[PDB]
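This report refers to the structure that appears directly beneath it.
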Amino acid sequence: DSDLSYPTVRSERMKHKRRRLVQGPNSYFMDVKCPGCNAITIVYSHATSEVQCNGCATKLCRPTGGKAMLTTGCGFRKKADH
Amino acid sequence: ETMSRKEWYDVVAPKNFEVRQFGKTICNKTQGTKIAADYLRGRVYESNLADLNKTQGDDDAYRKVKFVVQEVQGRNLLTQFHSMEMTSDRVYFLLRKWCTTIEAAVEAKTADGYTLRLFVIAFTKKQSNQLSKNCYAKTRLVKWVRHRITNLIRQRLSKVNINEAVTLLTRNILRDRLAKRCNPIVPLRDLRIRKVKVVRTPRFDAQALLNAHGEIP
Amino acid sequence: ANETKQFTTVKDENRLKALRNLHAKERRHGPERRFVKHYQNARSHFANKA
Amino acid sequence: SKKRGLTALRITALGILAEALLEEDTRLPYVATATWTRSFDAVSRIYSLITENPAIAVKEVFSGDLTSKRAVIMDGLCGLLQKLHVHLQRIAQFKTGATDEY
Amino acid sequence: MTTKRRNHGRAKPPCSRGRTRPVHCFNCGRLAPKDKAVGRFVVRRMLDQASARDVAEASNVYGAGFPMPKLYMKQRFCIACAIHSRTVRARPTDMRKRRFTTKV
Amino acid sequence: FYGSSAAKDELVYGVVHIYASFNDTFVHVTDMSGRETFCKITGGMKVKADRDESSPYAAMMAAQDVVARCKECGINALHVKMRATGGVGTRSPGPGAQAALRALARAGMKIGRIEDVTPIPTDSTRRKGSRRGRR
Amino acid sequence: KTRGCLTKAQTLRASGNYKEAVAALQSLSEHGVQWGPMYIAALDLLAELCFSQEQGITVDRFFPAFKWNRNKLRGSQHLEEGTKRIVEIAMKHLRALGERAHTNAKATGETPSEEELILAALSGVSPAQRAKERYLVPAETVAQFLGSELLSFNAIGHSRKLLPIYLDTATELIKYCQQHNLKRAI
RNA sequence: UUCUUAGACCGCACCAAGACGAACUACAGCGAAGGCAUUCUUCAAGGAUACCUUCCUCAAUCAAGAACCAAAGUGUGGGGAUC
């Protein structure tokens, strides 16, 4: 059990992102809608800035932490990785 | 001997404190150009709390309340608040190892000329389900407490006068309002007011004094 | 919510809750079942044991 | 807001003050009374400025739409008043008619 | 000669600290680091059991179930000072390596 | 006698400072202020010997002859404050207490609110002696 | 160990600041002077006095006091007296509260104005005959709750010498109800 | 040995000067080492973590040369409480 050329789920998913056999990212993109307009802006999950709503300006996120955190009352769908 | 020339007097305290007299003292005659009456003033006295005051006084006996003489009248002696304190032995009971400690020294003003310092102390407290033998705080955590301490003790006492103030400290009214704010910043085990002290005093008055003792027994 | 609430304490061990169960003005009526049970919490006033 | 004697942005300054005060509260939630009024008062003073000495709308930049001014722009329009309407309904919506609050 | 302790008689592992503050012995006023010196915490009766009765008797506050004050202090002994007064002792080379946490 | 004009048979408190050290005892008596005294009687005086100043016999033999004055002054009860050698000296007291207290209490004085007031520095400069101590 | 507190409570209510008196009664629970009283009853009276200022008492927080008081030991002939005293204060206060509520209702509503009148007019469909009943529904709730707890057994009674109390309390409770309006319960 | 009826020692109140920052203080933290513990304000720095950011071998180690370095010592001026 647990061949090292063909691991399970468990024996990958834990590990730090460079210590897989793949060395993928760890992040994704999203779409976000504001109450004050009809738009979709496309925003980065670990944004690390304040981003002004596409065509509006009010800030859809705060840059805080190692993962950025959406401004309140703004709805958010996710997107694929593919 | 000396004892022939000795007089007697009786100290009195404000009407904040329930038991008005609490002591009996001694002094010399006013013979000579000395006038011993002079040397009754600028004295100081030490009473326990719960002794000077009723009665009793719960777990309050450790604290020391101390006075001065502002003015002589009669064979009585009239006073005003000077310092409040605590015994040594007490503090070390509430001080334990594997916990943090916090210390703050306030500067406050009454609504009068009185200007004060309120030394404080507090300690962190382990959570009830905690499995860790550290209780230690960060730095930002600590500093907030001492911030949100100084502010409050300068906001309550700013608009409160002298006799109006002391009645809080003696009864431990402040401690309530303090700790119940503090706690969600980081958990506290105790807060106490370790010591209280007077720095700058307003200048002498007859009426403001006598109005704070009311009737004199 | 919880400020206005005090304590652990429902409305109530025992009769009160039964009395409110008893009937509705919507559905379920009214009188339905009678309890003979009552509960009151009492113990000696010291601190672990006498 | 008072600046030093002018009233140009004063207008802008009063605008943001009403919008900021009305939103914040953190309980329970909602606003009442005092805090509700300290936005209403500002809006009335803004409207007075708009009536009177204005129009005329000078220094910095003014418009009206779209870009940033911005309680001013939302008071265009009048989304600002809409936010007072929303919050008043809120206060009401929680407390049931009984005591003098009503 | 050898090494007789892994610690080296200290609470300092290498690659951690360079110097820890000296302190003044309770007894003779010798010095040593904080780590080397042996700490104890006393919790010491003001009066005897005997004595306490003969005071509390007269007293207007004590012996109501209200306890009489105790004296608290900490004491930091030097190594020689310690072993002398018999706070600590030499032990077998199998029971030398033992700990008891801070629990008394 | 020179006692109080206040009351009769109702307690009058003094303050009593019991200084304990390894080389002497003192007993001292004051009113409440500490600006005026009633006694100042020291263990040493009751012995002739440098050796036996601090030993428990000396202490007690002071305390007796203190209350032998204080009664006449009308002091019935007492408040007691226990002290030790210094701030750079030892926190531990001498053997001149557990002597002193146990005399006074059985000499027909009352007692209340015993305290420990002794110098404790936040910090000091140097303790007397040296890096290697007395040896 | 009863004075150093009552005074503390006095400070928390007489200057108004105001949940403090209740906090003080809680602090007050014995030790150390459970049945002297010599003023335990007096302390109890101060706690009872506090009705109705919002929040913090609404006096459904009372109840601990009844349980405490008593509150042994009863190795003396004061058990009956204590029970009677607690009941008496509670009843007296209840009557007073009722009286105040009644007065308020009678007063405003006939008359109006201007605020009551505007509310009635609004939509609001309603008299002030109707509206003033707002006082009454709370008054009823407080009374109902007190009865519901009071008569159950810490209070207690029951002995040859303790149960004869219990009927008196019931009579006081019920006669009072008959005066006014009411009643779901008891 | 030494200090005292020229009132020592002791008690209380207050002022002066210089040094230090107890307990909490730990098989804990930070710094390249030597080293660093009261509080508030302020000035520039450093490490770790987070990133689908940018650049694209710019690195490792090291005679010469250079900077830093406990306590004791030397010089000039200042301070002088404790040891």
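Whole-Hz Karplus ³J(HN,Hα) for segment F:2-11, in order, using 6.51 cos²θ - 1.76 cosθ + 1.60 and θ = phi - 60°, x for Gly and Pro?
Here the 3J(HN,Hα) series is 10, x, 4, 9, 9, 6, 8, 6, 9, 5 Hz.
Taking a quarter of the surface of the Cα convex hull of chain C, what do you get in nm²?
That works out to 6.1 nm².
Can I get the semi-axes of chain D's equivalent ellipsoid? Compute them from the C-alpha gyration tensor as square roots of 5 times the eigenvalues, in angstrom, largest first.
That gives 29, 13, 12 Å for the three semi-axes.
Under 18 Å between C-alpha atoms is the cut-off here; go through chain D and count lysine pairs that meet it, provided they're at least eight residues apart or on different chains.
6
Give me, ordered by chain and number, the residues 5 or more places off B:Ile102 or on other chains with an amide H under 5 Å from its own placed amide H.
So B:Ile102 has HN proximity to B:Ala122.
Under a straight-distance cross-link criterion of Cα-Cα below 20 Å, which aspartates and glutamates are reachable from F:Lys46, leaving out those fewer than 8 residues away in the same chain?
Once the sequence-local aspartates and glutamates are set aside, what remains near F:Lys46 is F:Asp24, F:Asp65.
Would you mind computing, in nm to one decimal, how far apart the modelled labels at F:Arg69 and B:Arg175 are, each placed 7 Å from Cα along Cα→Cβ?
Spacing of the two 7 Å Cα→Cβ label points: 4.0 nm.
How high is the relative contact order of segment F:1-131, given as a whole-number percent (alpha carbon pairs under 8 Å, six or more residues apart)?
28 percent
Among the GluC sites (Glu not before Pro) within segment B:55-152, which fall in a DSSP loop and have no more than 14 other Cβ atoms within 10 Å of their own Cβ?
Here the sparse-neighbourhood loop sites are B:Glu103, B:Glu107.
Just in chain C: which GluC sites (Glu not before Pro) are loop by DSSP and have at most 10 other Cβ atoms within 10 Å?
Filter output for chain C: C:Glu3, C:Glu26, C:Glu32.
How long are the semi-axes of the equivalent ellipsoid of chain A, defined as square roots of 5 times the Cα gyration tensor eigenvalues? Whole Å, largest first.
Values for chain A, descending: 35, 13, 9 Å.
Rounded to the nearest 20 debye, what is the charge dipole size of segment B:93-162 about its Cα centre when +1 sits on each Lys and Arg Cβ and -1 on each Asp and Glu Cβ?
Dipole of segment B:93-162, to the nearest 20 debye: 360 debye.
What does the C-alpha gyration tensor say about the overall shape of chain F? Classify as rounded when a/c is under 1.5, otherwise prolate if a/b is larger than b/c, or oblate.
Prolate, because a/c is 1.5 or more and a/b exceeds b/c.
Could you state the principal axis extents of the C-alpha atoms in segment G:41-138, from the largest down, to the nearest angstrom?
Principal axes ranked by extent give 65, 22, 17 Å for the Cα atoms.
Take the alpha carbon gyration tensor of chain G, find the square roots of its eigenvalues, order them as a ≥ b ≥ c, and report rounded if a/c is under 1.5; if not, report prolate when a/b exceeds b/c, else oblate.
Oblate, since a/c reaches 1.5 and b/c is not below a/b.
Search the structure for amide H atoms under 5 Å from the amide H of B:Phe119, placed 1.01 Å from N in the peptide plane, and list their residues when 5 or more places away or on another chain.
Long-range HN contacts for B:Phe119: B:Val106, B:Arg194, B:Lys195, B:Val196.
Give me the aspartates and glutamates in straight-line cross-link reach of B:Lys138: C-alpha distance below 18 Å, same-chain residues under 8 apart excluded.
Within reach: B:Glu103.
Could you work out the mean count of beta carbons from other protein chains within 10 Å of each residue's beta carbon in B:50-59?
5
Just grab the label-to-label distance for D:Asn53 and G:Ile118, each label 7 Å out from Cα along the Cβ direction, in nm (one decimal).
3.2 nm
Where is the GNM fluctuation largest for chain B (alpha-carbon springs, 10 angstrom cutoff): B:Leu141, B:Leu188, B:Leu169?
B:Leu141
Choose one of A:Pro25, G:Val33, F:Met45: the residue whose Cα lies farthest towards the positive end of the charge dipole of the protein assembly as shown (beta-carbon charges +1 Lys, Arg; -1 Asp, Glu; about the Cα centre).
Value computed over the given set: A:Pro25.
Which ³J(HN,Hα) values in Hz, rounded to whole numbers, follow from the phi angles of segment E:30-43 under the Karplus curve 6.51 cos²θ - 1.76 cosθ + 1.60, where θ = phi - 60° and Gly and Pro get x?
Once θ is set to phi - 60°, the couplings for segment E:30-43 become 5, 9, 4, x, 5, 5, 5, 4, 9, x, 8, 9, 9, 6 Hz.
Counting DSSP beta bridges with both partners in chain F, what percentage is antiparallel, nearest 5?
Counting only bridges with both partners in chain F, antiparallel ones make up about 60 percent.
Could you give the size of the charge dipole of segment G:18-64 about its Cα centre, using +1 on the Cβ of each K and R and -1 on the Cβ of each D and E, expressed in debye and rounded to the nearest 20?
60 debye
What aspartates and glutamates does C:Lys17 reach when the alpha-carbon gap must be under 20 Å and sequence neighbours fewer than 8 apart in one chain are set aside?
C:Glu26, C:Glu32, G:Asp60, G:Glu140, G:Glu149
Show me, for segment B:74-90, the HN-Hα J-couplings you get by feeding each phi into the Karplus relation (A = 6.51, B = -1.76, C = 1.60, θ = phi - 60°), rounded to Hz, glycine and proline as x.
Those phi angles translate into x, 9, 8, 9, 10, 8, 5, 5, 10, 9, 10, 8, 7, 4, 6, 3, 2 Hz.
Any idea which of F:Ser5, F:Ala84, F:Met109 is furthest toward the positive side of the dipole for chain F, if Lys and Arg beta-carbons carry +1 and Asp and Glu beta-carbons -1?
Farthest along the dipole direction, towards plus: F:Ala84.
What does the structure give for C:7-13 when I average, per residue, the other chain Cβ atoms found within 10 Å of the residue Cβ?
Other-chain Cβ atoms within 10 Å of each residue's Cβ, averaged: 2.
Work out the mean other chain Cβ neighbour count within 10 Å for the residues of F:98-104 and drop it here as an integer.
For peptide F:98-104, the averaged partner shielding equals 4.
Quick one: compute the contact order of chain G, relative version, from alpha carbon pairs under 8 angstrom and 6+ residues apart, as a percent.
17 percent
Using alpha-carbon pairs under 8 Å, 6+ residues apart, how would you state the relative contact order of chain A in percent?
25 percent
Separation between the G:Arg100 and C:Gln6 pseudo-spin-labels, each 7 Å from Cα along Cα→Cβ, expressed in nm?
The modelled label-to-label distance comes out at 1.7 nm.
Give B:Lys29/F:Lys40; B:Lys66/C:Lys49; B:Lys125/B:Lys195; B:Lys97/B:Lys195; E:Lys12/F:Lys128 a once-over and call out the pairs whose C-alpha atoms are over 32 Å from each other.
B:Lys66/C:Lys49
Compare the Cα positions of B:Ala50, D:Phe40, D:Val72 along the charge dipole of the protein assembly as shown (+1 at Cβ of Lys, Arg; -1 at Cβ of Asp, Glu; about the Cα centre) and return the one farthest towards the positive end.
B:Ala50
Compute the length gained on full extension between B:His147 and B:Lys197: take 0.36 nm times their separation in residues and subtract their Cα-Cα distance, giving the result in nm to one decimal.
Length gained between B:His147 and B:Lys197: 16.0 nm.
Nearest 20 debye, what's the magnitude of the dipole of chain E about its Cα centre given +1 on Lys and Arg Cβ and -1 on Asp and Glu Cβ?
Result for chain E is approximately 1080 debye, rounded to the nearest 20.
Among B:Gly32, B:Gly57, B:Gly74, whose mean-square fluctuation peaks in a Gaussian network model of chain B (Cα, cutoff 10 Å)?
Residue with maximal mean-square fluctuation among B:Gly32, B:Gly57, B:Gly74: B:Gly32.
Please give the direction-averaged projected area of the C-alpha convex hull for chain E, in square nanometres with one decimal.
Average of the hull's projected areas for chain E equals 10.5 nm².
Excluding same-chain pairs closer than 8 in sequence, count the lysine pairs in chain A whose Cα atoms lie under 19 Å apart.
Pairs that pass both the separation and distance tests number 9.
Using a 7 Å offset from Cα along Cα-Cβ at D:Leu84, what residues in segment D:24-66 end up with backbone N under 15 Å from the label point?
Residues D:32-51 qualify, since their backbone N sits under 15 Å from the label point.
Over its Cα atoms, what ratio of radius of gyration to 2.2 N^0.38 Å does the protein assembly as shown give?
Ratio of Cα Rg to 2.2 N^0.38 Å: 1.28.
Don't worry about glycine lacking a Cβ; one is built from the backbone with ideal geometry, like all the others, and counts go over all protein chains shown. Every number here is computed from the coordinates shown, using simple stated rules; none is lab data.
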